[PDB]
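*Asks:* Here you go, this is work_0.csv (CSV, C-alpha atoms (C1' of nucleotides)).
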```csv
chain,number,residue,atom,x,y,z
Y,86,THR,CA,-33.9,-7.9,-194.6
Y,87,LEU,CA,-35.5,-8.7,-198.0
Y,88,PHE,CA,-38.2,-10.7,-196.2
Y,89,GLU,CA,-39.1,-7.7,-194.1
Y,90,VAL,CA,-38.8,-5.2,-197.0
Y,91,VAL,CA,-41.1,-7.4,-199.2
Y,92,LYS,CA,-43.4,-8.0,-196.3
Y,93,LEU,CA,-43.7,-4.6,-194.5
Y,94,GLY,CA,-45.2,-2.5,-197.3
Y,95,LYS,CA,-43.1,-2.6,-200.4
Y,96,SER,CA,-43.6,0.6,-202.4
Y,97,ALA,CA,-42.7,-0.9,-205.8
Y,98,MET,CA,-42.1,-4.6,-206.2
Y,99,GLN,CA,-40.2,-4.1,-209.5
Y,100,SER,CA,-37.9,-1.6,-207.6
Y,101,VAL,CA,-36.6,-4.3,-205.2
Y,102,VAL,CA,-36.5,-6.8,-208.1
Y,103,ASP,CA,-34.2,-4.4,-209.9
Y,104,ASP,CA,-32.2,-3.9,-206.7
Y,105,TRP,CA,-31.7,-7.7,-206.5
Y,106,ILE,CA,-30.7,-7.7,-210.2
Y,107,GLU,CA,-28.1,-4.9,-209.5
Y,108,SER,CA,-26.8,-6.8,-206.5
Y,109,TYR,CA,-26.5,-10.0,-208.6
Y,110,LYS,CA,-24.6,-8.2,-211.3
Y,111,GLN,CA,-22.4,-6.8,-208.5
Y,112,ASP,CA,-21.8,-10.2,-206.9
Y,113,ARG,CA,-23.7,-13.4,-207.4
Y,114,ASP,CA,-23.0,-14.8,-204.0
Y,115,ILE,CA,-24.5,-12.0,-201.9
Y,116,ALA,CA,-27.7,-11.7,-204.0
Y,117,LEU,CA,-28.1,-15.5,-203.9
Y,118,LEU,CA,-27.7,-15.4,-200.1
Y,119,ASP,CA,-30.3,-12.7,-199.9
Y,120,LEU,CA,-32.8,-14.6,-202.0
Y,121,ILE,CA,-32.2,-17.8,-200.0
Y,122,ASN,CA,-32.7,-15.9,-196.8
Y,123,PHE,CA,-35.9,-14.3,-198.1
Y,124,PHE,CA,-37.2,-17.8,-199.0
Y,125,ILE,CA,-36.2,-19.3,-195.6
Y,126,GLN,CA,-37.8,-16.5,-193.6
Y,127,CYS,CA,-40.8,-16.8,-195.9
Y,128,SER,CA,-41.0,-20.4,-194.8
Y,129,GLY,CA,-41.4,-19.3,-191.1
Y,130,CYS,CA,-37.9,-20.3,-190.2
Y,131,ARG,CA,-36.3,-17.5,-188.2
Y,132,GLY,CA,-32.8,-18.8,-188.8
Y,133,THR,CA,-30.6,-16.7,-191.2
Y,134,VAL,CA,-28.4,-18.2,-193.9
Y,135,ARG,CA,-24.7,-17.0,-193.8
Y,136,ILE,CA,-22.2,-16.6,-196.6
Y,137,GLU,CA,-20.0,-19.6,-195.9
Y,138,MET,CA,-22.8,-21.9,-194.8
Y,139,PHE,CA,-24.6,-21.2,-198.0
Y,140,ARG,CA,-21.5,-21.5,-200.2
Y,141,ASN,CA,-19.8,-24.6,-198.9
Y,142,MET,CA,-22.1,-27.2,-197.2
Y,143,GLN,CA,-25.0,-28.6,-199.2
Y,144,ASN,CA,-28.8,-28.1,-199.2
Y,145,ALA,CA,-30.0,-31.3,-197.6
Y,146,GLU,CA,-28.1,-30.6,-194.4
Y,147,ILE,CA,-29.3,-27.0,-194.6
Y,148,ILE,CA,-32.8,-28.3,-194.6
Y,149,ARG,CA,-32.0,-30.5,-191.6
Y,150,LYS,CA,-30.4,-27.6,-189.8
Y,151,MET,CA,-33.3,-25.2,-190.4
Y,152,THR,CA,-35.7,-28.0,-189.3
Y,153,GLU,CA,-33.7,-28.0,-186.1
Y,154,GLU,CA,-33.4,-24.2,-186.1
Y,155,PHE,CA,-37.0,-23.4,-187.0
Y,156,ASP,CA,-37.3,-21.5,-183.6
Y,157,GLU,CA,-41.0,-21.5,-183.4
Y,158,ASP,CA,-43.3,-19.8,-180.9
Y,159,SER,CA,-46.4,-21.4,-182.5
Y,160,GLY,CA,-47.3,-24.1,-185.0
Y,161,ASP,CA,-48.5,-21.5,-187.5
Y,162,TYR,CA,-46.6,-20.7,-190.7
Y,163,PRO,CA,-46.9,-17.5,-192.9
Y,164,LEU,CA,-49.1,-19.3,-195.4
Y,165,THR,CA,-51.9,-19.9,-192.8
Y,166,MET,CA,-51.6,-17.1,-190.2
Y,167,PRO,CA,-55.0,-15.0,-189.9
Y,168,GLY,CA,-55.2,-12.6,-192.8
Y,169,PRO,CA,-54.5,-9.0,-193.9
Y,170,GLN,CA,-50.8,-8.3,-193.2
Y,171,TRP,CA,-49.9,-11.9,-194.1
Y,172,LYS,CA,-52.3,-12.1,-197.0
Y,173,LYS,CA,-50.5,-9.1,-198.7
Y,174,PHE,CA,-47.3,-10.8,-197.5
Y,175,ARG,CA,-48.1,-13.9,-199.5
Y,176,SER,CA,-49.2,-11.8,-202.5
Y,177,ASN,CA,-46.0,-9.8,-202.4
Y,178,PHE,CA,-44.0,-13.0,-202.1
Y,179,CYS,CA,-45.6,-14.6,-205.2
Y,180,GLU,CA,-45.3,-11.3,-207.2
Y,181,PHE,CA,-41.6,-11.0,-206.2
Y,182,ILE,CA,-40.8,-14.4,-207.5
Y,183,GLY,CA,-42.7,-13.8,-210.7
Y,184,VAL,CA,-41.3,-10.4,-211.5
Y,185,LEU,CA,-37.8,-11.4,-210.4
Y,186,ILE,CA,-37.6,-14.5,-212.6
Y,187,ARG,CA,-39.5,-12.9,-215.6
Y,188,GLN,CA,-37.3,-9.7,-215.6
Y,189,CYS,CA,-34.1,-11.7,-216.0
Y,190,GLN,CA,-35.3,-13.7,-219.0
Y,191,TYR,CA,-33.1,-11.9,-221.6
Y,192,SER,CA,-29.5,-12.2,-220.4
Y,193,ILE,CA,-29.2,-13.2,-216.7
Y,194,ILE,CA,-31.2,-16.5,-217.0
Y,195,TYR,CA,-28.6,-18.1,-219.2
Y,196,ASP,CA,-25.7,-17.8,-216.8
Y,197,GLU,CA,-26.5,-21.4,-215.4
Y,198,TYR,CA,-25.7,-20.3,-211.8
Y,199,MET,CA,-28.7,-19.5,-209.6
Y,200,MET,CA,-31.2,-22.1,-210.9
Y,201,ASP,CA,-29.2,-25.2,-209.9
Y,202,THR,CA,-29.0,-24.2,-206.2
Y,203,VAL,CA,-32.6,-22.8,-206.2
Y,204,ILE,CA,-34.0,-26.0,-207.8
Y,205,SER,CA,-32.0,-28.2,-205.4
Y,206,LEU,CA,-33.1,-26.4,-202.3
Y,207,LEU,CA,-36.7,-26.0,-203.3
Y,208,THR,CA,-37.0,-29.6,-204.4
Y,209,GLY,CA,-35.4,-30.8,-201.1
Y,210,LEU,CA,-37.7,-28.6,-199.0
W,1,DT,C1',32.0,-155.7,-112.5
W,2,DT,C1',33.7,-151.0,-115.5
W,3,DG,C1',34.8,-147.6,-119.5
W,4,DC,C1',33.0,-146.3,-123.5
W,5,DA,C1',29.3,-145.2,-127.0
W,6,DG,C1',25.0,-144.3,-127.7
W,7,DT,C1',19.8,-143.5,-125.9
W,8,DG,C1',15.7,-141.6,-122.9
W,9,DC,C1',13.6,-138.4,-120.5
W,10,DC,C1',12.5,-134.2,-118.0
W,11,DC,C1',12.8,-129.5,-117.8
W,12,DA,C1',12.8,-124.8,-119.5
W,13,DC,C1',13.5,-120.7,-122.0
W,14,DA,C1',12.9,-119.3,-126.4
W,15,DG,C1',10.4,-118.9,-130.3
W,16,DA,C1',6.4,-118.4,-132.4
W,17,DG,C1',1.7,-117.1,-133.8
W,18,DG,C1',-3.1,-116.4,-132.6
W,19,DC,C1',-5.6,-113.3,-129.4
W,20,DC,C1',-6.8,-108.8,-128.2
W,21,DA,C1',-7.4,-103.5,-127.3
W,22,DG,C1',-6.0,-99.5,-129.4
W,23,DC,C1',-6.0,-96.4,-133.0
W,24,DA,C1',-6.0,-94.3,-137.5
W,25,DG,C1',-7.7,-94.4,-142.6
W,26,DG,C1',-11.7,-93.2,-146.0
W,27,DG,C1',-16.5,-92.5,-146.5
W,28,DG,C1',-22.0,-92.2,-145.6
W,29,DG,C1',-25.7,-89.7,-143.4
W,30,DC,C1',-27.7,-86.1,-140.2
W,31,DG,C1',-28.5,-81.3,-136.9
W,32,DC,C1',-28.4,-76.6,-137.6
W,33,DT,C1',-27.7,-72.0,-139.4
W,34,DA,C1',-25.8,-67.3,-141.9
W,35,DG,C1',-26.4,-65.2,-146.0
W,36,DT,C1',-27.8,-64.1,-150.2
W,37,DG,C1',-30.9,-64.5,-154.4
W,38,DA,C1',-35.0,-64.0,-156.5
W,39,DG,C1',-39.9,-63.4,-156.9
W,40,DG,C1',-44.3,-61.4,-155.6
W,41,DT,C1',-47.2,-57.8,-153.6
W,42,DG,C1',-48.3,-53.3,-152.2
W,43,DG,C1',-47.7,-48.3,-152.4
W,44,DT,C1',-46.7,-44.4,-154.6
W,45,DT,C1',-46.5,-41.3,-157.9
W,46,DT,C1',-46.7,-40.3,-162.2
W,47,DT,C1',-47.6,-39.9,-166.4
W,48,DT,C1',-50.5,-40.2,-169.9
W,49,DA,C1',-54.8,-39.1,-171.0
W,50,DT,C1',-59.4,-36.9,-171.0
W,51,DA,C1',-62.8,-33.3,-170.4
W,52,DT,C1',-64.2,-28.4,-169.3
W,53,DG,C1',-63.8,-23.5,-169.4
W,54,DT,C1',-61.9,-19.5,-171.3
W,55,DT,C1',-60.2,-17.1,-174.9
W,56,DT,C1',-58.7,-16.4,-179.5
W,57,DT,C1',-59.6,-16.6,-184.3
W,58,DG,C1',-62.4,-16.5,-188.3
W,59,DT,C1',-66.5,-15.0,-190.5
W,60,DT,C1',-70.4,-11.8,-191.4
W,61,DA,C1',-72.9,-7.4,-191.8
W,62,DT,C1',-73.3,-2.3,-191.7
W,63,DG,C1',-71.6,2.3,-192.3
W,64,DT,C1',-68.5,5.5,-194.3
W,65,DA,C1',-65.7,7.1,-197.8
W,66,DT,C1',-64.2,7.2,-202.6
W,67,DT,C1',-64.8,7.2,-207.6
W,68,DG,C1',-67.5,7.9,-211.2
W,69,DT,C1',-71.8,10.2,-214.3
W,70,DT,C1',-74.8,12.7,-216.4
W,71,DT,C1',-76.5,17.1,-215.8
W,72,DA,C1',-75.8,22.2,-215.0
W,73,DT,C1',-74.9,26.5,-214.0
W,74,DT,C1',-70.4,29.2,-215.0
W,75,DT,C1',-67.5,30.7,-218.2
W,76,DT,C1',-65.3,32.1,-221.7
W,77,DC,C1',-64.3,32.3,-226.6
W,78,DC,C1',-66.3,34.5,-230.6
W,79,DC,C1',-69.2,37.6,-233.4
W,80,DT,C1',-72.2,42.3,-235.0
W,81,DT,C1',-73.9,46.8,-232.8
W,82,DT,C1',-73.8,50.7,-230.4
W,83,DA,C1',-71.7,54.8,-226.6
W,84,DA,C1',-68.3,57.1,-225.1
W,85,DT,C1',-64.1,58.9,-226.6
W,86,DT,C1',-60.6,60.5,-229.1
W,87,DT,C1',-58.4,63.4,-233.0
W,88,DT,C1',-58.4,67.1,-236.6
W,89,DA,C1',-59.5,71.3,-238.4
W,90,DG,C1',-61.8,76.3,-238.0
W,91,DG,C1',-63.4,80.2,-235.5
W,92,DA,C1',-63.0,83.0,-231.8
W,93,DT,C1',-60.4,85.0,-227.6
W,94,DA,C1',-56.9,87.3,-225.0
W,95,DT,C1',-53.1,89.3,-223.5
W,96,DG,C1',-48.9,91.1,-225.1
W,97,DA,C1',-46.2,94.3,-227.2
W,98,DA,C1',-44.9,97.4,-230.4
W,99,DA,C1',-46.6,101.9,-232.1
W,100,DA,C1',-48.4,106.1,-232.1
W,101,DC,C1',-49.9,110.0,-229.3
W,102,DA,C1',-49.6,113.1,-225.5
W,103,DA,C1',-47.0,115.0,-221.4
W,104,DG,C1',-42.7,116.7,-218.7
W,105,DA,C1',-38.2,118.1,-219.3
W,106,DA,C1',-34.2,120.2,-221.2
W,107,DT,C1',-31.4,123.0,-224.5
```
Here is the file; what I need is its structure written in the form of structure tokens.
*Replies:*
Amino acid sequence: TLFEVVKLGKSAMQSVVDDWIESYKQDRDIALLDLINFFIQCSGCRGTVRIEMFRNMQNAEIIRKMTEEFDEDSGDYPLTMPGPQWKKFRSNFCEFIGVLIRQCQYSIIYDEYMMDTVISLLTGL
DNA sequence: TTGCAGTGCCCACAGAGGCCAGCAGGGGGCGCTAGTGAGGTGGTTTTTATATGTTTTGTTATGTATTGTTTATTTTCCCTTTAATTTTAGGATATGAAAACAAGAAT
């Protein structure tokens, strides 16, 4: 529930950034799954990415499936819904990306693992 | 004149072939109808589309609460100066205790 944790009043953004760093050092797959799930539920898609469906089958059919499994109740998406709670949601989202990527610049960002999948999925979407 | 060898004629029943009704062969043209097949029109609904009313969303303005700012009255740390207050002899007191005297008592 990293989408909800980042959204619903995160006390310290660097704290959950370090939590994601610790989970990635523990196991790359689960932290990558959590980051992808965070991005998908940040896109307004209420579908949840699973371990095998992230690991095995590719990103374009993931995009097609989440287009089929968007599960909307309205046409609005979290980038345009009214204001306050969602405005601070968007700010926390941007700051989480910035702090998470910038904090790993010393040793983690040269493992050549997360950026391939992240770039592929984000480019496809 | 006759017997014999050969001819004439008349009939008749077969023999034959045209005449004729009967009958079957292939094909042309009409009287009439059941049964679909398709095409056109009308009705129905229906579905898209359009417009109106209500409500939801976004924007604006006012009031309250929070943070900051130079005063500003504590307040408090640090002097130099007294006002109790304490300590050390120095003399006087007192209350005791021997010491001498005087008074019973004994020898």
*Asks:* For residue 109 of chain Y, find every residue with an atom within 12 Å (counting all atoms listed in the file), except residues of its own chain fewer than 2 positions away, and show them as a PyMOL selection string.
*Replies:* chain Y and resi 102-107+111-120+185+189+193-194+196+198-199
*Asks:* Determine, counting only C-alpha atoms (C1' of nucleotides), which protein, DNA and RNA residues have an atom within 9 Å of an atom of residue 173 of chain Y; residues of the same chain fewer than 5 positions away are not included. Present the result as a ChimeraX atom specification.
*Replies:* /Y:92,94,168,178
*Asks:* Using all atoms listed in the file, select each residue of chain Y with any atom at most 12 Å away from an atom of chain W, and give the selection as a PDB file with C-alpha atoms, keeping the file's coordinate frame.
*Replies:*
```pdb
ATOM      1  CA  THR Y 165     -51.900 -19.900-192.800  1.00  0.00           C
ATOM      2  CA  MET Y 166     -51.600 -17.100-190.200  1.00  0.00           C
ATOM      3  CA  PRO Y 167     -55.000 -15.000-189.900  1.00  0.00           C
ATOM      4  CA  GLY Y 168     -55.200 -12.600-192.800  1.00  0.00           C
TER       5      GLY Y 168
END
```
*Asks:* Hey, can you check how far atom CA of residue 176 of chain Y sits from atom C1' of residue 61 of chain W?
*Replies:*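 Going from atom CA of residue 176 of chain Y over to atom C1' of residue 61 of chain W, I get 26.4 Å.
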*Asks:* May I ask for the distance between atom CA of residue 135 of chain Y and atom CA of residue 99 of chain Y, given in Å to one decimal place?
*Replies:*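 Taking atom CA of residue 135 of chain Y as the start and atom CA of residue 99 of chain Y as the end point, the length is 25.6 Å.
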*Asks:* To one decimal in Å, tell me the separation between atom CA of residue 132 of chain Y and atom CA of residue 156 of chain Y.
*Replies:*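 We find that atom CA of residue 132 of chain Y and atom CA of residue 156 of chain Y lie 7.4 Å from each other.
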*Asks:* May I have the protein, DNA and RNA residues with an atom at most 10 Å from (-36.9, -19.1, -201.2), counting all atoms listed in the file in the file's coordinates, returned as a list in words?
*Replies:*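 Result, sorted by chain then residue number: residues 88, 117, 118, 119, 120, 121, 122, 123, 124, 125, 126, 127, 128, 178, 182, 203, 204, 206, 207 and 210 of chain Y.
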*Asks:* Write the residues of the preceding selection, restricted to C-alpha atoms, as a compact mmCIF listing (two decimals), keeping the file's coordinate frame.
*Replies:*
```
# COMPACT_ATOMS: atom_id res chain seq x y z
CA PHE Y 88 -38.20 -10.70 -196.20
CA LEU Y 117 -28.10 -15.50 -203.90
CA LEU Y 118 -27.70 -15.40 -200.10
CA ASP Y 119 -30.30 -12.70 -199.90
CA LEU Y 120 -32.80 -14.60 -202.00
CA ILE Y 121 -32.20 -17.80 -200.00
CA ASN Y 122 -32.70 -15.90 -196.80
CA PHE Y 123 -35.90 -14.30 -198.10
CA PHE Y 124 -37.20 -17.80 -199.00
CA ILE Y 125 -36.20 -19.30 -195.60
CA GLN Y 126 -37.80 -16.50 -193.60
CA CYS Y 127 -40.80 -16.80 -195.90
CA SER Y 128 -41.00 -20.40 -194.80
CA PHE Y 178 -44.00 -13.00 -202.10
CA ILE Y 182 -40.80 -14.40 -207.50
CA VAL Y 203 -32.60 -22.80 -206.20
CA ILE Y 204 -34.00 -26.00 -207.80
CA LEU Y 206 -33.10 -26.40 -202.30
CA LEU Y 207 -36.70 -26.00 -203.30
CA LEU Y 210 -37.70 -28.60 -199.00
```
*Asks:* Just checking: using only C-alpha atoms, which residue out of Y:130, Y:138, Y:186, Y:179 ends up closest to residue 158 of chain Y?
*Replies:*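 Smallest separation from residue 158 of chain Y among the options: Y:130.
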*Asks:* Mind completing segment 193-208 of chain Y with N, CA, C and O atoms? Output as an mmCIF file, keeping the file's coordinate frame, please?
*Replies:*
```cif
data_model
loop_
_atom_site.group_PDB
_atom_site.id
_atom_site.type_symbol
_atom_site.label_atom_id
_atom_site.label_comp_id
_atom_site.auth_asym_id
_atom_site.auth_seq_id
_atom_site.Cartn_x
_atom_site.Cartn_y
_atom_site.Cartn_z
ATOM 1 N N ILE Y 193 -29.678 -12.645 -218.003
ATOM 2 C CA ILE Y 193 -29.200 -13.200 -216.700
ATOM 3 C C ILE Y 193 -29.582 -14.676 -216.598
ATOM 4 O O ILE Y 193 -28.822 -15.457 -216.015
ATOM 5 N N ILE Y 194 -30.708 -15.104 -217.183
ATOM 6 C CA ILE Y 194 -31.200 -16.500 -217.000
ATOM 7 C C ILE Y 194 -30.442 -17.523 -217.729
ATOM 8 O O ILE Y 194 -30.747 -18.716 -217.599
ATOM 9 N N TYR Y 195 -29.426 -17.140 -218.503
ATOM 10 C CA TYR Y 195 -28.600 -18.100 -219.200
ATOM 11 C C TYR Y 195 -27.168 -18.154 -218.673
ATOM 12 O O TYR Y 195 -26.250 -18.580 -219.381
ATOM 13 N N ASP Y 196 -26.967 -17.735 -217.424
ATOM 14 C CA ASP Y 196 -25.700 -17.800 -216.800
ATOM 15 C C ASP Y 196 -25.452 -19.209 -216.111
ATOM 16 O O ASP Y 196 -24.310 -19.520 -215.752
ATOM 17 N N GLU Y 197 -26.519 -20.003 -215.950
ATOM 18 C CA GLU Y 197 -26.500 -21.400 -215.400
ATOM 19 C C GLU Y 197 -25.870 -21.382 -213.981
ATOM 20 O O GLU Y 197 -25.108 -22.284 -213.627
ATOM 21 N N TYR Y 198 -26.217 -20.384 -213.165
ATOM 22 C CA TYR Y 198 -25.700 -20.300 -211.800
ATOM 23 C C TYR Y 198 -26.784 -20.415 -210.735
ATOM 24 O O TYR Y 198 -26.687 -21.284 -209.862
ATOM 25 N N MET Y 199 -27.813 -19.559 -210.762
ATOM 26 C CA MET Y 199 -28.700 -19.500 -209.600
ATOM 27 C C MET Y 199 -29.719 -20.674 -209.617
ATOM 28 O O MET Y 199 -30.097 -21.149 -208.535
ATOM 29 N N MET Y 200 -30.128 -21.153 -210.796
ATOM 30 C CA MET Y 200 -31.200 -22.100 -210.900
ATOM 31 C C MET Y 200 -30.848 -23.472 -210.314
ATOM 32 O O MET Y 200 -31.712 -24.164 -209.782
ATOM 33 N N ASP Y 201 -29.575 -23.867 -210.400
ATOM 34 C CA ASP Y 201 -29.200 -25.200 -209.900
ATOM 35 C C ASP Y 201 -29.381 -25.218 -208.344
ATOM 36 O O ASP Y 201 -30.059 -26.118 -207.831
ATOM 37 N N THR Y 202 -28.843 -24.229 -207.625
ATOM 38 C CA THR Y 202 -29.000 -24.200 -206.200
ATOM 39 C C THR Y 202 -30.472 -23.942 -205.791
ATOM 40 O O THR Y 202 -30.968 -24.563 -204.840
ATOM 41 N N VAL Y 203 -31.176 -23.073 -206.529
ATOM 42 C CA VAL Y 203 -32.600 -22.800 -206.200
ATOM 43 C C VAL Y 203 -33.440 -24.033 -206.381
ATOM 44 O O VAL Y 203 -34.234 -24.377 -205.497
ATOM 45 N N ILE Y 204 -33.274 -24.739 -207.505
ATOM 46 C CA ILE Y 204 -34.000 -26.000 -207.800
ATOM 47 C C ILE Y 204 -33.709 -27.031 -206.750
ATOM 48 O O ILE Y 204 -34.613 -27.702 -206.239
ATOM 49 N N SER Y 205 -32.422 -27.198 -206.415
ATOM 50 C CA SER Y 205 -32.000 -28.200 -205.400
ATOM 51 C C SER Y 205 -32.644 -27.950 -204.073
ATOM 52 O O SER Y 205 -33.251 -28.845 -203.469
ATOM 53 N N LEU Y 206 -32.521 -26.711 -203.578
ATOM 54 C CA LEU Y 206 -33.100 -26.400 -202.300
ATOM 55 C C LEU Y 206 -34.582 -26.467 -202.235
ATOM 56 O O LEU Y 206 -35.160 -26.992 -201.274
ATOM 57 N N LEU Y 207 -35.249 -25.981 -203.286
ATOM 58 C CA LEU Y 207 -36.700 -26.000 -203.300
ATOM 59 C C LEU Y 207 -37.258 -27.402 -203.444
ATOM 60 O O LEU Y 207 -38.257 -27.746 -202.804
ATOM 61 N N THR Y 208 -36.608 -28.241 -204.259
ATOM 62 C CA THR Y 208 -37.000 -29.600 -204.400
ATOM 63 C C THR Y 208 -36.796 -30.388 -203.064
ATOM 64 O O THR Y 208 -37.651 -31.183 -202.653
#
```
